[PDB]
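The next block holds one structure in the form of structure tokens; read it before the comments.
In the entry's author numbering, the protein residues as written are 834 to 1214, 1221 to 1260.
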């Protein structure tokens, strides 16, 4: 029932950009704006050209007057920090702007997000997130090419609070601030960036006529993961029959490879040592695609699929595309009794893709069902790490330490324009 206070919601419906709130707010979408594939059907894409903007005239409901609390929320996907972005080092640039002499704006700066309010006396309050790639890449860093949910709550006279993925990040006292209302439109547009390769994907940009509390923001975030679909690394629905790189959470830059062990009759998949590149001397980025290497591409296959989407608890095979006809399985127990996985034409047991955490996680776990070697797919403990079915992790899942939890989480990654290497 957060819908009760929703006065504006920018998204795509039936091939068109609209206000989805029902309020029928008047938008001007210029011809440079695109509609692309998103985290939940289609999303807006803004490019670095003059025709790529959306202008929204404000009305009474969309009001930032001194006597009105409000919340702004949105899904954003910002390309992973790259060398082209360094031309904008230390320079804030606009994404969403309702600033004339006074007002508010949402900006990007040094891979981070800026919220700024300025009142009619020139009083300024901003939140500048201070995330670093090394420490926050996976869960919160903005310039990651991963879908992030942003919430900003404004209780005028009290505080301004910023959230990523339903978690409070920062807050400021705004008791000193007076009015930020103005008569200018809200402009959705990249403005001020010298890196003209920059582009942003933006979805469910919502304005609410109340300041949501911390519990309400968590609930809002959770409401975007109400289905049983699994997710890819970027936060988009996981699909069948789609080429992926498969990655273990414990070694993000470790490429999935395979090796024929002549002794046995078997090909063994393994995670190789972490590969990284430098964007600067101070920032190491993991390779995900490993172009110009023997990295194993995979597809998730299920002849009983109902649509293209992978759902929690589906039984499915992981097919190794390099080989054409081999799947991830265990070897015949009589031959090899150990829990190491091999690549075999012969299906030996069942794989189930599951989510033992919450629906919002962009990884999954993989449950092996086999007569003698039931377990969760993990990496064994180096040069590389073999895949194996862990009975111990399965039976003790709820109590596992962080490292073991990490080794049982799997990501699927597809190439995207917003992640270049």
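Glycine residues also receive a C-beta, built at the ideal position from the N, C-alpha and C atoms.
Exercise for the section: Tell me whether residue 1058 sits in a helix, a strand or coil according to DSSP, three-state version. Expected result: helix
Problem - Neighbour-count burial assignment, residue 1210, 16 or more Cβ in a 10 Å radius - result: buried
Problem - Burial state of residue 877 (16 or more Cβ within 10 Å) - result: buried
Practice task
Please report how far the alpha carbon of residue 1206 lies from the alpha carbon of residue 958, in whole angstroms.
Solution key: 58 Å
Handout entry: Alpha-carbon to alpha-carbon, residue 1128 and residue 977
Key = 22 Å
Handout entry: Option in 869, 1178 and 917 with minimal Cα separation from residue 1113
Key = 917
Handout entry: Pick from 1066, 1090 and 1234 that is closest to residue 1174, judged by C-alpha positions
Key = 1090
Practice task
Name the one or two DSSP bridge partners that residue 867 has.
Solution key: 878
Practice task
Output yes or no for whether 8 Å exceeds the beta carbon distance between residue 895 and residue 841.
Solution key: yes
Exercise for the section: Helix, strand or coil for residue 1232, going by three-state DSSP, please let me know. Expected result: helix
Practice task
Alpha carbon to alpha carbon, how far is residue 1153 from residue 996? Give it in angstroms, no decimals.
Solution key: 39 Å
Problem - Short Cβ contact (8 Å threshold) for residue 1208 with residue 1232 - result: yes
Practice task
Determine the burial state of residue 1069: buried for a count of at least 16 other Cβ atoms within 10 Å of its Cβ, exposed for fewer.
Solution key: buried
Practice task
Return the CA-CA distance between residue 941 and residue 1250, expressed in angstroms with no decimal places.
Solution key: 27 Å
Exercise for the section: Grab me the residues of residue 1202's own chain with a C-beta within less than 7 Å of its C-beta, minus the 5 sequence neighbours each way, in chain order. Expected result: 1182, 1183 and 1185
Exercise for the section: For residue 1165, count neighbouring C-beta atoms within 10 Å of its own C-beta (all shown protein chains included) and say buried if the count is 16 or more, exposed if not. Expected result: exposed
Exercise for the section: Spatial neighbours of residue 998 within its chain, please: CB distance less than 8 Å, with the 5 preceding and 5 following residues excluded, ordered by chain position. Expected result: 972, 973, 981, 982, 1054 and 1193
Problem - Same chain only: Cβ atoms within 7 Å of residue 915, ignoring 5 sequence neighbours per side - result: 1112 and 1259
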